[PDB]
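Trainee: Encoded as structure tokens, here's the structure I'll be asking about.
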Protein chains: 2
Amino acid sequence: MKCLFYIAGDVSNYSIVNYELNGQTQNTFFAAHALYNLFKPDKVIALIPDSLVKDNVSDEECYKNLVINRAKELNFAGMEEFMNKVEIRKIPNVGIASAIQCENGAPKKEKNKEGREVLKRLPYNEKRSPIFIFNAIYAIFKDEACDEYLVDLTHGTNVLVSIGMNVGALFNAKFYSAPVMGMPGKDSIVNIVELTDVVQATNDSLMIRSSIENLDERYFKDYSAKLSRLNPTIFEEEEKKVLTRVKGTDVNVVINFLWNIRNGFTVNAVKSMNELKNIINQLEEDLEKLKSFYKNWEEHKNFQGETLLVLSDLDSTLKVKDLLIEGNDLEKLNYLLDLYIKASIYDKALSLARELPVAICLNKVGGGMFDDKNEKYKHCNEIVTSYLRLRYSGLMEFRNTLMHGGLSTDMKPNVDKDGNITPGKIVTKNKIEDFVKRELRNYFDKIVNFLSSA
Amino acid sequence: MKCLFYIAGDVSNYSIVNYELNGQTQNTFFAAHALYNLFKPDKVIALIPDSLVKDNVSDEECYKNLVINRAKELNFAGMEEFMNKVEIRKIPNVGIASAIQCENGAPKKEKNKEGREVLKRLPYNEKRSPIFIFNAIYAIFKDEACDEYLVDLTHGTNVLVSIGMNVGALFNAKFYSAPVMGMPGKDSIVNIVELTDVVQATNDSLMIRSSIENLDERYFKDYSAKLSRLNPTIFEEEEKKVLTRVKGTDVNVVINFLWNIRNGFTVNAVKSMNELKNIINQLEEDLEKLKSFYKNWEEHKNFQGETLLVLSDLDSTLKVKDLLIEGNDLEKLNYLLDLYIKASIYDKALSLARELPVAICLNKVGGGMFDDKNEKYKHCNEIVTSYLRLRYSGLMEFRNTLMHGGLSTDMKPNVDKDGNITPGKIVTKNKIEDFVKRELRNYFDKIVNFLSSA
RNA sequence: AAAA
């Protein structure tokens, strides 16, 4: 069900500290145990790098005894029922380190220089690839099977913690880390910091960036709820005014813009362009002020506790500026044609290349409505349709196939007695790709060049 | 252009140690300096937490003097060409970390034996949000205006390092980390591990997962090249036997499956389903064996250096198993309709809902071809078209609108003398979403229920 | 704050 994963470090350098989270204190010498008592996950998994403990039979059993040895030192009540419950799973490491030479699952001892000390087998040298370490931790997470993943990033090497964070990200883990000062001591009430929001904020930004790149709103993570809930407890004059502007950013108009583009509502997408231009012009202003605020963060201490205003979400939204152009609605539609081409939306690109010359034609004749009852449209459409069938036979063929899809007269499939269908034509993946990406612009530009003379 | 970023720690417990990267060798007391003369970047940014030091005038100048104070104790032999060109930028922190006092241009300190002990500030308490820290670091990265980002995750608090890693990810940074593992005692040759590949492998998996989720091949990160260029020099009989299978996984058939689905080649997508079923049935077998290999990684040390085989890339690909179903091509197309609905591909869902009942009808009559010359098709199409226009007027309307898009008779826009277009029907995002997500399946099931009696 |  709920599993706590933690990467192990050298316990001989641990002291009793009073870890804190929301006021619910936990007195221990390692953060993993504190988080166990707080969250109380059903399964606890500690990853121990081969860099640490080493023995003749079981390194996992030596680590279990190493922790109870530092529980017998400093006189701690726990580690008997706890370490018995913990599932110890060994992981690979890289670089040079010092391991411990245990006798028989019990770490050994030998007095060197000052007095009794663990005889560390100082040389350990292994060259491993971080993705080998990644694959080792991944397999543990995957086959472990949990409904809720909890990852402790407090203890362990910076290499293993970063690797563990990226594994956890693929299992929708909650991340925790409890950083402390160099040997604090008694009554050290250090805070456990949750990092879940930070890993989500970066995933959200990469998704927002790709959403504008591939003209898809399904990838745009809507931060409407975050901004609407955002409120300054204490606001210090013009740190209240700029937040008012940010809270009022129409992120819904951006999502709708991407929806219309994706779904082929080309006239609506283009009509929204000037509104969007004013949305991101304000967003540019807001972000410069917010950037300046966080660059001189010492003066805007009021934002120190805020979790709803994330700079990357807003900065990633500024990319939508690339989807915008200045000019008449025909020039805006012409730009959109190029956008569909780059984004590999073959269907929408071909339909726009077919219909835009009719509108171009209509404009030349003084205007009209896309309706069969309109004489100007009737003749304008007849001209572009017949000119396309006369010269650009390929354009018109790809258009109708993409428009009607597989189950259609355009593809001529055959349905049998058994309920099985055999395609009637070949789906030319690279020919469609090639035509749109290499000739649709050159062809369109020639069609519109001809229709200018009209 | 190329610029290095590092987060700072207490220079107090730092010893002069040699480093290693691509065979390069460099001796210093902190990894950031080693990486500086290894790569030689145009700018170097020193991110210093507010818990690190505290001066009456400039905390950045005290850190600048703190590092030269530690350089003096033993032979630093440097900082006359690295201490000039480094931009010190203060960052916020969290917790009860103990700060260290500063006065004008000096860090003070007192003897109290052991030579001259560090003047610990002793108590500091700040409760900040990790996204506030994230926004602070983001603003620094964003406004630094760099072409190539390089991030050092060796030094600093585990909270600040993980936060820095997620910021770096949004700037396409290369990540490096060199942990010590114990008492160095000079030299030791601590190795700097690059983590770029690990952060990319997880981003790639999230993209692969979303690609299957939204039926889009543009998001699927192709790992064919990795797989082909993968061959360990020494390989066991059981290792080779299963790696041979992995190297032969037809990831191209999965990408093509997603291409046909996105572009509406529904018959072809459905025909590929059985082939795909075998592709994933083997990939499951290989994943169980590889998972077992990485779970018992101590026996398969041949993989210890491999960077091409990423478990997450293959495991994420297994999600395509959800896109598959058993049954005749009509039953497979029926399932695909539900897939288009869940994926919010309104155009493809409505065209399939319109054409699938014609095929259903054709099957009942013993089969036929989707062609106007076929009598069975002619009548079958006439029946579903008239039944849809009779009972499901809405379905037929949304279908043609989405099929022809904005510039069409289906939307009736009006073109001006000025070249500006005013939409005709302005059909909303919600009316379309609600209809297909809430009614399309119930309506389709009733259409097919009726056509069974045929 | 290079196995808090």
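Just so we're on the same page: first chain in the structure tokens is A, next is B, and so on; residues restart at 1 for each chain, and ligands are numbered from 1 in the order they show up.
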Enumerate as a list in words the residues belonging to chain B that approach chain C to within 6 Å, with only C-alpha atoms (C1' of nucleotides) taken into account.
Mentor: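 Taking only C-alpha atoms (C1' of nucleotides) into account, residues 9, 10, 154, 155, 156, 157, 179 and 180 of chain B sit within 6 Å of chain C.
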Trainee: DSSP on the backbone, then: every residue of range 313-391 of chain B marked helix (DSSP H, G or I), written as a VMD selection string.
Mentor: chain B and resid 313 to 323 329 to 342 346 to 364 375 to 391
Trainee: Hey, can you check how far CA of residue 79 in chain B sits from CA of residue 37 in chain B?
Mentor: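 For CA of residue 79 in chain B relative to CA of residue 37 in chain B, the distance reads 11.4 Å.
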Trainee: In Å to one decimal, how far is CA of residue 217 in chain A from CA of residue 437 in chain B?
Mentor: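 It comes out at 16.3 Å.
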Trainee: Enter the distance from CA of residue 255 in chain A to CA of residue 202 in chain A, in Å, rounded to one decimal.
Mentor: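 These atoms are spaced 19.0 Å apart.
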Trainee: Give one line per residue of range 285-375 of chain B that approaches range 117-132 of chain A to at most 12 Å, naming the two atoms of the closest pair and their distance in Å to one decimal, counting only C-alpha atoms; sort by chain then ascending residue number and deliver it as CSV.
Mentor:
residue,atom,partner,partner_atom,distance
B:290,CA,A:132,CA,11.7
B:291,CA,A:132,CA,11.8
B:293,CA,A:132,CA,11.1
B:294,CA,A:132,CA,8.2
B:295,CA,A:132,CA,11.3
B:297,CA,A:132,CA,9.1
B:298,CA,A:132,CA,11.6
B:300,CA,A:132,CA,10.7
B:301,CA,A:128,CA,9.1
B:302,CA,A:128,CA,10.1
B:303,CA,A:132,CA,7.0
B:304,CA,A:128,CA,5.0
B:305,CA,A:129,CA,4.8
B:306,CA,A:129,CA,6.3
B:307,CA,A:131,CA,5.9
B:308,CA,A:131,CA,8.5
B:309,CA,A:131,CA,8.2
B:310,CA,A:131,CA,6.8
B:311,CA,A:131,CA,8.9
B:312,CA,A:131,CA,9.9
B:313,CA,A:131,CA,11.5
Trainee: Find, counting only C-alpha atoms, the residue in B:396, B:67, B:269, B:440 that gets nearest to chain A.
Mentor: B:269
Trainee: For each of A:248, A:405, A:164, A:327, take the minimum atom-to-atom distance to chain B, counting only C-alpha atoms, then give the residue where this is smallest.
Mentor: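 Counting only C-alpha atoms, the residue closest to chain B is A:405.
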Trainee: Using only C-alpha atoms (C1' of nucleotides), which residues sit within 9 Å of residue 364 in chain A once same-chain residues fewer than 5 positions away are excluded, as a list in words?
Mentor: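 Near neighbours after the sequence-gap exclusion: residues 359, 451, 452 and 454 of chain A; 417 and 419 of chain B.
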Trainee: Please save N, CA, C and O atoms of the selected residues as a PDB file, in the first residue's frame.
Mentor:
ATOM      1  N   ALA A 359     -11.301  32.121 -49.222  1.00  0.00           N
ATOM      2  CA  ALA A 359     -11.418  33.345 -48.435  1.00  0.00           C
ATOM      3  C   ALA A 359     -10.604  34.449 -49.094  1.00  0.00           C
ATOM      4  O   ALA A 359     -11.091  35.578 -49.195  1.00  0.00           O
ATOM      5  N   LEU A 451      -4.470  33.247 -57.582  1.00  0.00           N
ATOM      6  CA  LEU A 451      -5.710  33.867 -57.101  1.00  0.00           C
ATOM      7  C   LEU A 451      -5.609  35.381 -56.841  1.00  0.00           C
ATOM      8  O   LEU A 451      -6.642  36.019 -56.649  1.00  0.00           O
ATOM      9  N   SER A 452      -4.389  35.959 -56.845  1.00  0.00           N
ATOM     10  CA  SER A 452      -4.195  37.404 -56.658  1.00  0.00           C
ATOM     11  C   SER A 452      -4.719  38.148 -57.891  1.00  0.00           C
ATOM     12  O   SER A 452      -5.442  39.140 -57.752  1.00  0.00           O
ATOM     13  N   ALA A 454      -7.090  37.465 -59.755  1.00  0.00           N
ATOM     14  CA  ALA A 454      -8.556  37.425 -59.761  1.00  0.00           C
ATOM     15  C   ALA A 454      -9.195  38.789 -59.440  1.00  0.00           C
ATOM     16  O   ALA A 454      -9.051  39.307 -58.302  1.00  0.00           O
TER      17      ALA A 454
ATOM     18  N   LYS B 417     -14.228  43.317 -46.774  1.00  0.00           N
ATOM     19  CA  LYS B 417     -13.450  44.069 -47.763  1.00  0.00           C
ATOM     20  C   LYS B 417     -12.004  44.222 -47.231  1.00  0.00           C
ATOM     21  O   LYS B 417     -11.045  44.146 -48.006  1.00  0.00           O
ATOM     22  N   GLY B 419     -10.376  42.227 -45.186  1.00  0.00           N
ATOM     23  CA  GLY B 419      -9.703  40.948 -44.994  1.00  0.00           C
ATOM     24  C   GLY B 419      -9.858  40.398 -43.589  1.00  0.00           C
ATOM     25  O   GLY B 419      -9.023  39.610 -43.125  1.00  0.00           O
TER      26      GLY B 419
END
Trainee: For residue 102 in chain A, work out the shell of residues within 8 Å, counting only C-alpha atoms (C1' of nucleotides) and skipping chain neighbours fewer than 4 positions away, then give it as a list in words.
Mentor: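 Final neighbour list, sorted by chain and number: residues 53, 54, 55, 56, 62, 106, 107 and 108 of chain A.
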Trainee: Using only C-alpha atoms (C1' of nucleotides), which protein or nucleic acid residues come within 9 Å of residue 282 in chain A? Drop anything in the same chain fewer than 6 positions from it, and give the result as a list in words.
Mentor: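 Here the qualifying residues turn out to be residues 245, 246 and 249 of chain A.
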Trainee: Quick one: write out the picked residues with C-alpha atoms as a compact mmCIF listing (two decimals), in the first residue's frame?
Mentor:
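Writing the result to part-v2.txt gives the following:
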# COMPACT_ATOMS: atom_id res chain seq x y z
CA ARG A 245 -2.43 41.59 -12.13
CA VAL A 246 -0.94 38.01 -11.97
CA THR A 249 -4.15 36.48 -16.04
Trainee: Neighbouring residues of residue 266 in chain B were defined as those with any atom within 7 Å, considering only C-alpha atoms (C1' of nucleotides); residues of the same chain fewer than 2 positions away were excluded. Please report them as a list in words.
Mentor: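 Result of the neighbour search: residues 405, 406 and 407 of chain A; 260, 261, 264, 268, 269, 270 and 333 of chain B.
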Trainee: Write out, as a short mmCIF file (atom, residue, chain, number, x, y, z; two decimals), in the first residue's frame, the residues just selected, with C-alpha atoms.
Mentor:
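Once everything was written out, this is out.cif:
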data_model
loop_
_atom_site.label_atom_id
_atom_site.label_comp_id
_atom_site.auth_asym_id
_atom_site.auth_seq_id
_atom_site.Cartn_x
_atom_site.Cartn_y
_atom_site.Cartn_z
CA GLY A 405 -9.93 8.47 -42.33
CA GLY A 406 -9.56 4.69 -42.57
CA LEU A 407 -13.20 3.51 -42.57
CA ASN B 260 -2.21 5.70 -37.69
CA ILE B 261 -4.42 6.38 -34.59
CA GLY B 264 -7.33 8.51 -38.37
CA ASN B 268 -4.66 -0.01 -40.14
CA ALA B 269 -4.36 0.76 -36.42
CA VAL B 270 -6.83 -2.10 -35.62
CA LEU B 333 -12.63 -0.44 -33.99
#
Trainee: Give the answer as one residue: which of A:365, A:100, A:88, A:145 has the shortest atom-to-atom distance to chain B, using only C-alpha atoms?
Mentor: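 Distance minimum relative to chain B lands on A:365.
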Trainee: Fewer than 4 positions away in the same chain doesn't count, so skip those; otherwise give me all residues within 8 Å of residue 178 in chain A, counting only C-alpha atoms (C1' of nucleotides), as number ranges by chain.
Mentor: A: 19, 31, 154, 190-193; B: 159; C: 4
Trainee: Give the answer as one residue: which of B:404, B:321, B:332, B:277 has the shortest atom-to-atom distance to residue 349 in chain A, using only C-alpha atoms?
Mentor: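 Closest to residue 349 in chain A, using only C-alpha atoms: B:404.
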Trainee: Using only C-alpha atoms, can you tell me which of B:147, B:213, B:397, B:197 comes closest to chain A?
Mentor: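 Looking at the shortest contact to chain A, the residue is B:197.
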